[PDB]
Structures are given as structure tokens and as C-alpha cells.
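> Going down the list, the sequences are from chains H and B.
Take 156 as the starting number for the first sequence in the authors' numbering and just add one per residue.
Mapping of the second sequence onto the authors' numbering: residues 401 to 418, 426 to 800, in sequence order.
The C-beta atom is built at its ideal place from N, Cα and C for all residues, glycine as well.
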Amino acid sequence: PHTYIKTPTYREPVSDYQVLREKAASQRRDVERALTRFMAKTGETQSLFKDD
Amino acid sequence: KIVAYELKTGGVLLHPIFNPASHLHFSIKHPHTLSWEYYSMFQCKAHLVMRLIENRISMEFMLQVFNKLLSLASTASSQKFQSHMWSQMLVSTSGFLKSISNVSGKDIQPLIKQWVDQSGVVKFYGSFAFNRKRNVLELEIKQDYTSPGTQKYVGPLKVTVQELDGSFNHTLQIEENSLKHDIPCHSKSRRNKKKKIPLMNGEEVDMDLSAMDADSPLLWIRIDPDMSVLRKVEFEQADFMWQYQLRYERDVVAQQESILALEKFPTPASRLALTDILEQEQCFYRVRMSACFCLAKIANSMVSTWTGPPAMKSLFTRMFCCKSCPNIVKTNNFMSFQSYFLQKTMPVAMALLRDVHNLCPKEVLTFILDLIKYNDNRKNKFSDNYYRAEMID
């Protein structure tokens with residue numbers, strides 16, 4: 156059934172609303188955490204705890 | 401606000417006569440010696456006393472009084488005579504009462520003498536008993552007139568009784584020596600047949616009469632429903648009467664006072680009443696926002712009895728989350744303005760839940776943190792700052 160005939164295949168698509176909500180949420184949380192840590196490290200900083 | 405302030409410190413005296428008020432640490436002869444809280448409560452009491460004058464003398468006559476004052480002022484405002492006529496633009500108390508007496512023929516001098524010249528609010532303590540033999544309702548209304556902020560009321564008093572035959576108003580004459588007021592009660596033939604019980608408005612509803620007493624027809628009682636005096640009422644109903652007044656009343660102040668009085672009865676019927684109020688659109692939204700906090704207090708008081716999940720969580724996932732994912736919140740669409748306010752007030756009350764160890768449960772804290780993480784506001788036409796601020800709260 157493979158000697159002479161060929162048909163194409165595709166990659167597995169993830170159309171699930173749960174995992175898409177999870178992916179967009181975690182990527183937004185991670186990029187805003189990275190942005191706020193970068194901006195707090197390269198400027199004047201405060202701290203709730205002593206030398207934190 | 402005013403009964404809290406007047407019972408806290410002395411009282412607000414509209415129209416003093418020149426000290427007239429010596430119970431308070433400043434002089435009321437000039438506006439610049441008044442405390443700022445006294446100035447705020449002065450304006451507040453002034454507009455409530457004007458609502459009382461509208462209650463005695465109807466609203467169209469009141470607007471005619473105001474139009475007569477404005478018309479005298481605007482005929483005065485065009486003259487050139489240096490104040491021969493420019494003082495008709497200045498109102499006084501005697502001129503205001505005279506214009507009221509001109510347009511209506513009634514004078515309000517007892518109402519002015521009680522609520523303006525006298526500086527106090529009244530306190531009502533009511534309790535009822537139903538006489539089954541003579542079919543009467545014996546009310547017992549006593550006043551606390553020896554507190555520092557209080558005064559004694561001797562006028563008439565409206566009371567609204569909802570019985571099975573409908574809603575009936577009664578006027579009671581509360582003289583100084585009065586204590587027991589016997590009002591008559593109607594039939595109970597709407598429990599013989601299942602018929603709908605007619606409400607305060609023209610409509611009628613189906614009520615579950617299993618919680619009601621078998622011998623009494625009366626479903627709830629409200630002392631002074633229209634707020635026609637400056638009063639603080641402390642009525643002693645039964646808990647099922649407070650639940651019926653929360654569910655089937657067509658007055659928002661009675662639903663609010665039944666929410667306020669259901670915190671003393673933590674029975675599961677009251678939890679069912681507040682949960683049915685919370686699920687109910689076509690209830691006024693500020694009643695449901697109060698029922699959130701009342702349900703939180705009741706849930707804290709009946710720990711080691713609570714069966715299922717924490718309070719309002721399943722209701723939040725039923726109202727505001729996705730059907731396929733219960734722990735993922737729906738993307739923000741704030742275009743309804745009543746489920747927006749309820750959505751932003753429900754986790755704030757849900758966070759007041761406490762376990763048997765007095766610590767907030769990790770099921771509600773995790774729920775609030777998932778409400779924070781899965782928040783998506785790229786799709787509504789409104790901002791998210793108040794909802795996120797309430798999430799921090």
C-alpha cells in the first residue's frame with residue numbers, strides 16, 4: 156500500500172479552549188513578571204523586607 | 401448616616417435660635440466654627456426633612472412652593488432699586504413656611520417643631536404577638552427616649568402587614584402612655600386553596616407556605632415602611648418572616664433590612680433565601696451585593712455544618728465562568744453593568760470565608776488567584792481597573 160502511491164500529512168493541531176486559555180495566561184504572566192523584574196533591577200528599587 | 405451620627409454625638413439642630428446646642432464641643436452660631444462632619448450631616452438632615460415636608464404636603468405643591476420662591480426672586484432680580492426689592496431674593500424660614508401655607512392651606516408647624524427645632528431622632532423597639540382567638544395582631548412598640556441623641560415621638564405611625572390575603576396598611580397613634588396596639592387580621596383562605604398571595608404592588612406570586620405557622624395568616628410586618636420619620640427600627644420578627652420579606656417583597660429597603668436581620672439567624676433556610684436572592688436577576692443589584700456579605704457571615708457561623716463547597720463558589724462558576732471549564736473565568740465583557748458589579752463584589756465577600764482553624768480556605772484563595780491569572784480584558788469596551796482593584800481587595 157506504499158510502493159507507488161503518496162498522500163500528505165500535517166502536524167497535530169491543538170484546538171482546545173482550556174489549553175489555549177492556559178497558554179495565553181501563562182505567557183502573559185511570564186512576560187509581565189520578566190518585564191517588572193528587569194525594570195526593578197535596572198532602576199531605583201524599594202523592598203517590603205530588609206535588603207530584599 | 402444621620403441616626404448613626406445623632407446617636408453618636410448629641411444631634412444636628414436645623415434652625416437654631418440665638426447656646427441652643429450645648430451638647431457638642433463647638434458653637435453653631437457661624438458656619439466657620441462648625442465641624443466638617445457636622446456640616447455634612449447638616450446638609451443630609453436638611454434634605455431628609457424636606458422629604459418629610461413633601462410627605463405631609465404632596466410633591467406637586469412642593470414644586471409649586473419652589474416655583475413661587477424662584478418667581479419672586481426673578482421678578483426681584485430685574486429691578487434696579489437698591490434692595491427695595493432685591494431682598495425678595497433672600498429666603499427665610501418664616502417666608503418659606505408662609506409660602507407653603509399659601510399654596511397648600513395646611514401649615515407644617517408640628518412637623519417643623521418636631522424635626523427642625525428639636526434636634527433628635529427616634530428609636531423604635533417593636534415586637535408582635537398574634538391572638539388566634541380574636542384574630543388580632545397585638546403590636547408592642549416602645550421607644551428609647553433616654554439615650555443622649557433621642558427624642559419622643561407622639562404622632563401617627565404607619566405599619567404595613569403582609570398577610571395571606573394581601574398587604575394592608577394601618578395607622579397607629581403612638582401617644583406617650585401607649586404600648587399595645589391591636590390591629591385586625593384577615594382570613595387564611597389562601598392556604599386552604601393554593602391561590603397566589605397578592606403583594607404590595609398589583610402583582611401576586613406563588614409562595615412556599617411550609618415554613619409559615621399554621622395558626623397565623625401574617626407573613627411579615629414592617630414598622631414605618633415609607634421612612635416617614637427620622638427613625639431607627641428594631642423589630643423582632645421570626646426568621647421565616649425575614650426570609651419571606653427577603654424573597655417576595657417589592658421594596659428594596661425591606662429586602663436590605665431583611666438581609667441585615669438574617670445575620671442573626673444562621674439556619675439553612677436563610678442560606679437558601681440569600682442564595683435565591685443572589686441567583687435572581689430582576690432583583691435590584693445592590694441587594695444582591697449585600698446578600699454576598701450576608702452569605703459570607705452566615706457561612707462563617709455554620710462551619711462544621713456546611714455540606715458542599717464554600718459559599719458562592721459554585722454560584723460564581725455557574726454565573727461568570729465557562730460551561731466547559733469551571734475554573735477558567737469567562738473573558739471580560741462588562742456591558743451589563745449589574746453582573747459586572749456582582750462579579751466584582753462576589754470574591755471580595757467570598758474571601759471572608761474561614762475554616763474551623765480560623766484560616767481562609769485554600770480553595771477560595773486558589774479560586775481568587777485563578778480569577779487573577781485568567782483575566783483577559785482585550786475584548787470589552789470598558790476598562791478593568793476597578794475589577795482588578797477589587798481582586799486585590
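Less than 8 Å separating the beta-carbons of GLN569(B) and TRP649(B)?
The answer is no: Cβ separation not under 8 Å.
> Would you identify the three-state DSSP class for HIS439(B), choosing helix, strand or coil?
Here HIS439(B) sits in helix by DSSP.
> Whole angstroms are fine: how far does the CA of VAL694(B) sit from the CA of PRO673(B)?
Roughly 18 Å separates the two Cα atoms.
> Could you tell me which of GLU643(B), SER574(B) and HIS437(B) sits nearest to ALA536(B), measuring between CA atoms?
Ranking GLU643(B), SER574(B) and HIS437(B) by Cα distance to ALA536(B) puts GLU643(B) first.
> Between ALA189(H) and chain B, is the shortest Cβ-Cβ distance under 8 Å, so that the two count as touching?
Judged by the 8 Å Cβ criterion, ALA189(H) is not in contact with chain B.
> Which residues in the same chain have their Cβ closer than 7 Å to the Cβ of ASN784(B), if we skip the five residues on either side of it in sequence?
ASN739 and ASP791.
> Could you pull out every residue in the same chain whose Cβ sits closer than 8 Å to the Cβ of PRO605(B), ignoring the five residues on either side in sequence?
Here the set comprises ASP572, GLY573, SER574 and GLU611.
> Which residues of the region 767-797 of chain B have a Cβ closer than 7 Å to any Cβ of chain H? Give them in chain order.
Answer in chain order: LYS780 and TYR781.
> From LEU772(B) to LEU722(B), what does the alpha carbon distance come to, in whole angstroms?
Roughly 16 Å between the two C-alpha positions.
> Of all the beta strand (DSSP E) runs that stay within the bounds of the region 542-618 of chain B, which reach a length of 3 or more residues?
Runs of the beta strand (DSSP E) inside the region 542-618 of chain B: 543-550, 563-570, 573-580 and 587-591.
> I want to verify the contact list: residues of chain H whose CB lies under 8 Å from the CB of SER731(B), in sequence order.
Result: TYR172 and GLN173.
> Counting only the same chain and skipping the five closest in sequence on each side, list residues whose C-beta sits under 8 Å from that of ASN462(B).
Excluding residues within five positions, the ones whose Cβ falls inside 8 Å are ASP633 and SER635.
> From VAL710(B) to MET757(B), what does the alpha carbon distance come to, in whole angstroms?
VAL710(B) and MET757(B): Cα-Cα distance of roughly 14 Å.
> Give the residues of chain H in contact with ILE735(B), contact being defined as C-beta atoms less than 7 Å apart.
In chain order: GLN173 and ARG176.
> By how many angstroms is the C-alpha of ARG678(B) removed from the C-alpha of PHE700(B)?
So the two alpha carbons sit approximately 12 Å from each other.
> Counting pairs of beta carbons, one from the region 441-455 of chain B and one from the region 408-416 of chain B, are three or more of them closer than 8 Å?
Segments in contact, yes.
> Alpha helix (DSSP H) containing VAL755(B): first to last residue?
Segment 746-757, the alpha helix (DSSP H) holding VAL755(B).
> Looking at C-alpha atoms only, which residue of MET726(B), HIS764(B), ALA428(B) and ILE779(B) is the closest neighbour of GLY556(B)?
Considering only alpha carbons, the answer is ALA428(B).
> Which residues in chain B sit within 8 Å of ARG192(H), going by Cβ to Cβ distance?
Those within 8 Å of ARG192(H) in chain B number zero; the least Cβ separation is about 18 Å.
> Cβ atoms of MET448(B) and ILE460(B): under 8 Å apart, would you say?
No, Cβ-Cβ distance for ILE460(B) and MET448(B) is not below 8 Å.
> Can you tell me where the alpha helix (DSSP H) holding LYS530(B) begins and where it ends?
Where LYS530(B) is concerned, there is no enclosing alpha helix (DSSP H), although the beta strand (DSSP E) it sits in stretches over 529-538.
> Does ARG184(H) come within less than 8 Å of chain B when only Cβ atoms are used?
Closer than 8 Å to some Cβ of chain B, the Cβ of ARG184(H) qualifies, so yes.
> Does the count of Cβ pairs from the region 501-513 of chain B and the region 523-534 of chain B closer than 8 Å reach three?
Taking 8 Å as the limit for Cβ pairs, the verdict is that the region 523-534 of chain B does not touch the region 501-513 of chain B.
> Using a C-beta to C-beta distance shorter than 8 Å, which residues of chain B count as neighbours of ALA195(H)?
The contacting residues do not exist; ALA195(H) stays about 19 Å from chain B at best.
> Going by the CB atoms, is the gap between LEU564(B) and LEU586(B) shorter than 8 Å?
No, Cβ-Cβ distance for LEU586(B) and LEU564(B) is not below 8 Å.
> For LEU625(B), write down the residues that DSSP places opposite it in a beta bridge.
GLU570(B), per the DSSP bridge assignment.
> Out of curiosity, what's the CA-to-CA distance linking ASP777(B) and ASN734(B)?
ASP777(B) and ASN734(B): Cα-Cα distance of roughly 7 Å.
> What are the boundary residues of the beta strand (DSSP E) that includes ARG638(B)?
Per DSSP, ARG638(B) belongs to the beta strand (DSSP E) from 638-643.
> Indicate whether the contact test is met: 3 or more Cβ pairs, each with one atom in the region 739-752 of chain B and one in the region 679-694 of chain B, closer than 8 Å.
In short, these stretches touch, since the Cβ pair count reaches three.
> Check the DSSP bridge columns for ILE630(B) and list the partner residues they point to.
Bridge partners of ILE630(B): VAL566(B).
> Compute the distance between the beta-carbons of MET614(B) and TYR651(B), then report whether it is under 8 Å.
The answer is yes: Cβ separation under 8 Å.
> Alpha helix (DSSP H) containing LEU203(H): first to last residue?
No alpha helix (DSSP H) holds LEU203(H); DSSP gives it neither H nor E.
> Taking the Cβ atom as the reference point for each residue, do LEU681(B) and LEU667(B) lie within a distance shorter than 8 Å?
No, these two residues do not count as a Cβ contact at 8 Å.
> For the alpha helix (DSSP H) containing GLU670(B), name the first residue and the last one.
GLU670(B) -> no alpha helix (DSSP H), and no H or E assigned at all.
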